[PDB]
Amino acid sequence: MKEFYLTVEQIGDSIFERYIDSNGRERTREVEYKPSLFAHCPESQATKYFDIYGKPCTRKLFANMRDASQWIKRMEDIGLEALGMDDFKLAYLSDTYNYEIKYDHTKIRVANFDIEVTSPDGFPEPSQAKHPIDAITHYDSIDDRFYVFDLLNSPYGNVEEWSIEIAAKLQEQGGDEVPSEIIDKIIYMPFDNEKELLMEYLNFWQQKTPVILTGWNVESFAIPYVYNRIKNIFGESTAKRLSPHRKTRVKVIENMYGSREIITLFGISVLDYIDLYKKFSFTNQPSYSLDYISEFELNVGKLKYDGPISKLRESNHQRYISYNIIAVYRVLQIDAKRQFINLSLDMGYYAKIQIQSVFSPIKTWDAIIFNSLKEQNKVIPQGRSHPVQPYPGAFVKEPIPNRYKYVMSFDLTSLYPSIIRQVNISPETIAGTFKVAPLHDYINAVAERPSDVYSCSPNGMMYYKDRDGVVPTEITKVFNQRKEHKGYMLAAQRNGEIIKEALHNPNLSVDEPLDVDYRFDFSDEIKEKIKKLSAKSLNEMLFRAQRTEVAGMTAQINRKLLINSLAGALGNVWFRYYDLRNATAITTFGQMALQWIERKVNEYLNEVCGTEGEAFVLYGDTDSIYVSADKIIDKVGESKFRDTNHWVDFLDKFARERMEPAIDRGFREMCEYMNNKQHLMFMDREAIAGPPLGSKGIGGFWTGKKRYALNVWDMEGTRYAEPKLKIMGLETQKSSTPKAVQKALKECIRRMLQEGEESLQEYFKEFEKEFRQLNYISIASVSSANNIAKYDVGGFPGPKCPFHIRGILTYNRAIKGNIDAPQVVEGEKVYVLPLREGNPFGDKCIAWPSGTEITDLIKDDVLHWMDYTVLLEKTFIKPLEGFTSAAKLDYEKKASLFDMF
DNA sequence: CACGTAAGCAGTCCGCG
DNA sequence: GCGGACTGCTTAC
Ligand SMILES: [Ca+2]
Ligand SMILES: [Ca+2]
Ligand SMILES: [Ca+2]
Ligand SMILES: [Ca+2]
């Protein structure tokens with residue numbers, strides 16, 4: 001097999017590499033790598049190395065890496081560019097793996113672990129590690145086993161062994177319901193003292209050294225706790241055994257408000273699952289507890305226990321251990337679904353970077369572009385300092401707030417990467433500038449043609465047309481990968497809808513789900529078999545189709561993220577290829593493209609309708625337009641349609657056969673006007689929206705920019721079994737909006753769009769009447785809580801104190817003195833509730849850690865003093881008032897002459 | 001900790017005769 | 001009582 005790296009480090013003048021050899025074995029080597037860097041040289045000097053601008057360079061070979069680093073410093077002292085890859089381990093990987101890396105995940109040791117630490121005096125700070133580690137569960141992907149290290153004797157209590165028999169049993173048998181599928185995979189090791197536990201864990205770690213190390217909050221808690229505890233008990237040298245190269249560093253992670261400390265373990269790649277989830281999931285969650293995320297992702301119930309976690313080991317050690325094991329398993333289950341480890345490996349090996357560098361698109365693209373240029377013996381420029389400067393972004397059209405009955409939307413494929421490719425935007429393809437006219441002059445095609453030689457953006461920039469830049473070349477490769485995965489995602493989505501339709505008429509039979517590949521549209525034979533299946537098999541098939549869709553989503557959306565981040569990185573001062581000329585060339589071209597096509601679509605539809613000056617495009621944001629289809633429907637007449645699906649088909653055909661060709665013609669003209677390298681502005685129909693045929697539903701509405709709702713029947717070729725609400729920006733979509741309020745507002749919107757005013761009024765009246773019965777957590781607002789200390793003046797709100805911070809300070813006074821009470825952690829999220837006048841808390845609101853029940857000492861008082869009136873007005877009535885006034889209808893029935901008879 | 005900008009709403013402070 | 005200036009937070013793209 002082809003060899004591949006596992007980890008790489010620079011330690012002094014040595015590269016330390018763990019890798020899989022040509023026989024599939026894990027090996028480690030220390031290499032005295034001699035790096036090369038580059039200086040410009042006379043044109044008269046013969047060389048094969050050239051910088052990206054075509055200027056010749058001499059290669060400087062250094063005796064060691066420290067010599068190379070010192071040379072860079074000298075070159076700065078002299079005032080001369082030091083060219084080449086200054087991160088020597090990336091150069092090492094490039095030299096050692098000079099081909100497309102094919103990796104075998106089965107050979108990569110992926111470890112998932114979680115620790116327990118009983119603490120009677122509040123949160124056990126990892127920097128102090130003053131409390132015993134009393135449980136570790138460590139899952140190893142190569143063994144497929146859960147290794148459980150269980151401390152039976154502690155200063156906080158002596159306990160009996162954990163029983164695997166009780167663990168397997170149902171909660172109703174007094175058991176812990178550890179999933180039957182992992183029971184046989186548990187290797188249980190009890191210990192009569194903590195020193196013995198930790199020494200054995202380290203021996204185990206040496207035998208089974210993680211390559212990828214993950215878990216939940218492992219980087220911020222588990223790793224620093226274990227390291228510091230071992231350091232405290234045994235000394236530094238023993239703690240450093242967590243690194244295969246016995247090297248660690250305390251790393252200070254700094255933000256805008258403060259800083260925290262993590263432990264870098266050289267020769268390990270830590271991918272904390274909470275950070276993978278935050279970067280790659282495209283959610284914003286009210287809480288990031290594992291319990292909360294597991295419920296959201298997997299629909300598994302809360303791990304229930306009595307009393308504080310600080311007393312769980314003493315009171316119920318059996319449950320304590322079982323829950324530690326389940327915690328580790330839940331992360332594996334989340335990964336089986338979301339597949340972020342697979343994503344990181346894919347991206348990391350593609351770029352030839354340390355796998356943990358996938359968090360950084362700047363590092364990822366630096367390596368991709370470096371490897372690409374190196375293939376041609378080209379030499380990368382030195383990174384430079386730049387001051388941070390603001391620059392313009394996208395255009396967003398101001399919509400007229402209204403209901404909109406029939407709507408068809410259109411959207412440009414991968415816009416910013418497509419602009420880069422079309423225009424040929426790259427550091428080395430800059431050809432010069434032209435004199436810029438106001439943007440509106442280009443939009444209306446009245447400005448002088450920018451160039452007859454070069455490819456142009458309306459920000460004034462010109463680019464070469466003779467050859468692709470490295471940025472277009474490399475962005476295209478990842479774009480093409482993305483396109484493949486999006487194909488699979490949409491097929492699985494369409495396949496899901498087939499199954500949903502068949503579920504209307506399930507068969508009374510005992511059968512099995514079909515063995516099919518959900519990434520490909522179901523054949524006719526499969527469709528006929530599906531129509532004969534039981535509900536049990538159909539539901540299992542739906543679950544599998546949906547899992548395939550999620551896998552495709554992860555793969556496609558994060559490749560989209562990577563390529564969009566390259567466009568963004570051109571506007572980040574730390575990117576080697578930072579250039580506001582290129583960043584603005586992309587964004588200004590985008591503004592033109594949207595407004596150009598707005599004009600073209602209006603012109604086309606005014607022509608076919610026989611009108612003049614009528615605005616068919618009602619809205620647009622960045623790269624999308626929303627077209628009113630009312631006049632199109634009215635031209636055939638609503639009464640001519642058999643059912644909803646009939647007019648959806650008609651609009652689909654109209655969009656495909658009439659509008660898209662006109663849009664294409666419009667963009668080809670724009671490409672010629674800008675003299676671009678390649679026409680890549682591909683704007684396809686996205687959504688078809690409208691009320692159910694024969695209903696009083698309004699179809700859709702806009703309140704403002706980035707705030708709208710549509711009743712969608714077809715999205716990007718997926719014809720839904722049931723209409724789907726596309727809601728953007730509105731409070732139903734915000735993590736800050738209470739859970740039950742999101743749900744209620746969504747139903748209000750559904751009724752507005754599908755059923756009409758009377759239906760909306762009926763639901764509002766009921767919600768208003770019943771909402772006080774809702775669980776307090778379900779009606780609590782949510783906010784991130786930054787700068788608590790800034791606004792804290794003797795326990796009370798300082799000037800300009802934000803509402804949620806005020807709530808935290810209220811909470812802090814109420815729990816004062818308690819070492820046990822849950823503390824609000826700076827930078828994390830809180831639930832927030834308003835408090836009625838004259839409450840014993842002394843202020844108008846209270847806040848507590850999100851994803852938790854408020855502590856029992858004040859729970860009863862919070863419940864008694866919760867201000868339901870304020871809660872309803874702020875989270876529900878105010879947003880609903882906005883939706884309904886925009887839509888020109890009332891959530892309460894107005895008086896009429898009919899009242900009364 | 002980790003790519004970019006546009007832009008919405010909650011809330012504070014305080015003007016507005 | 002609303003709105004501008006401002007901070008804070010959160011989405012859409
Ligand atoms: Ca725990
Ligand atoms: Ca798009
Ligand atoms: Ca059937
Ligand atoms: Ca879009």
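Letters go in sequence order (proteins before strands), and every chain restarts at 1.
- With respect to the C1'-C2'-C3'-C4' torsion, B:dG8 shows a north sugar, the value lying on the positive side.
- The phosphate of B:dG4 has OP1 or OP2 within less than 4.0 Å of a side-chain N or O from A:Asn572.
- Per the geometry, CG belonging to A:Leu415 stands 14 Å off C1' belonging to C:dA12, to the nearest Å.
- Note on residues 866-880 of chain A: no pairs pass salt bridge (charged side-chain N to carboxylate O under 4.0 Å, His left out), not counting sequence neighbours.
- Phosphate proximity of C:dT11 to A:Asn284: present, with a side-chain N or O under 4.0 Å from OP1 or OP2.
- Distances were taken from every side-chain heavy atom of A:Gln733 (C-beta onward) to each of B:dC9, C:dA12, B:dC1; the shortest belongs to C:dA12.
- In this structure, A:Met728 places its CE atom 16 Å from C1' of B:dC9, rounding to the nearest Å.
- One side chain, A:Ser372 or A:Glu474, offers a donor N or O that lies under 3.5 Å from an acceptor on the other.
- Counting only N and O atoms by type, the side chains of A:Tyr463 and A:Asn582 include a donor and acceptor under 3.5 Å apart.
- The pair A:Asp87-A:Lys363 counts as a salt bridge, with a side-chain nitrogen and a carboxylate oxygen less than 4.0 angstrom apart.
- Taking 4.0 angstrom as the limit, A:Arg707 places none of its side-chain polar atoms (N or O) nearer than this to OP1 or OP2 of B:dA7.
- Spacing between atom CD1 of A:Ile727 and atom P of C:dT11 amounts to 14 Å, rounded to whole angstrom units.
- If you measure from atom CD of A:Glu254 to atom P of B:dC1, you get 11 Å, rounded to the nearest angstrom.
- With rounding to whole Å, A:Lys878 atom NZ is found 5 Å from B:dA10 atom P.
- When distances are taken from the side chain of A:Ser360 to each of B:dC9, B:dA2, C:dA12, the shortest belongs to B:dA2.
- Looking at A:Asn572 and A:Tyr578, their side chains never bring a donor and an acceptor atom within 3.5 Å of each other.
- Separating the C1' atom of B:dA2 from that of C:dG8 is a span of 22 Å, rounded to the nearest Å.
- Remark: P of C:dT10 and CD of A:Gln742 are 13 Å apart, rounded to the nearest angstrom.
- Note on A:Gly704: nothing from the nucleic acid sits closer than 4.0 angstrom, heavy atoms only.
- Within the structure, every side-chain polar atom (N or O) of A:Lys279 is placed at least 4.0 Å from both OP1 and OP2 of B:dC1.
- Here A:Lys734 does not reach the OP1 or OP2 of C:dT10: none of its side-chain N or O atoms lies under 4.0 Å away.
- Here A:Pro799 lies in heavy-atom contact (under 4.0 Å) with sugar-phosphate atoms only.
- Side chain of A:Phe803, nearest nucleotide from B:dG11, C:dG8, B:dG8: B:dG11.
- If you check B:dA2, B:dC9, C:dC9 against the side chain of A:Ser784, the one that comes closest is C:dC9.
- Nearest-nucleotide assignment on DNA chain C puts the 5′-proximal partner with A:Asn787, out of A:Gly729 and A:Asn787.
- Sugar pucker of B:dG4: north, as indicated by a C1'-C2'-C3'-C4' torsion of positive sign.
- With 3.5 Å as the limit, one finds no donor-acceptor pair spanning the side chains of A:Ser628 and A:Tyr404.
- A side-chain donor-acceptor contact under 3.5 Å links A:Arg421 and A:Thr476.
- One cannot find a donor-acceptor pair under 3.5 Å joining the base of B:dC1 and the side-chain atoms of A:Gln356.
- Residue A:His804 has a polar side-chain atom (N or O) positioned under 4.0 Å from OP1 or OP2 of C:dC9.
- At a threshold of 4.0 angstrom between heavy atoms, the contacts of A:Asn786 are confined to the sugar-phosphate backbone, with no base atom among them.
- Among the protein residues, A:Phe575 comes within range of no part of the nucleic acid, since none of its heavy atoms lies under 4.0 Å from any strand.
- At the heavy-atom level, A:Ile262 lies under 4.0 Å from base atoms of the strands shown.
- Among C:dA12, C:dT11, B:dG4, the nucleotide with an atom closest to any side-chain atom of A:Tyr391 is B:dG4.
- You'll find that the side chain of A:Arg806 is closest to B:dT12, out of B:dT12, C:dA12, B:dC9.
- Computed from coordinates, the A:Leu730 CG to B:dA10 P distance equals 12 Å when rounded to whole Å.
- With hydrogens and angles left out, the side-chain atoms of A:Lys829 and A:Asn284 include a donor and acceptor closer than 3.5 Å.
- Note on A:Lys844: only backbone sugar-phosphate atoms sit closer than 4.0 angstrom, heavy atoms only; bases stay farther off.
- Between the OH atom of A:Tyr619 and the P atom of B:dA6 there is a distance of 14 Å, rounded to whole Å.
- Side-chain N/O atoms of A:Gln742 and A:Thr737 include no donor and acceptor closer than 3.5 Å.
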Please tabulate, one pair per line, each protein N/O and nucleotide N/O from nucleotides 5-7 of chain C that are separated by under 3.5 Å, including the distance.
| from | atom 1 | to | atom 2 | distance (Å) |
| --- | --- | --- | --- | --- |
| C:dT7 | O3' | A:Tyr791 | OH | 3.3 |

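- For A:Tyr626 and A:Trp702, the ring centers sit closer than 6.0 Å to each other.
- Side-chain proximity of A:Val396 to B:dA6, B:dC1, C:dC9: nearest is B:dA6.
- Looking at heavy-atom distances under 4.0 Å, A:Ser735 makes contact with sugar-phosphate atoms alone, never a base.
- When distances run from any side-chain atom of A:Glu219 to the nucleotides C:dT11, B:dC1, B:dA7, the shortest one goes to B:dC1.
- Stacking annotation: A:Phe359 is stacked on the base of B:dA2 (ring centroids less than 5.5 angstrom apart, interplanar angle below 30 degrees).
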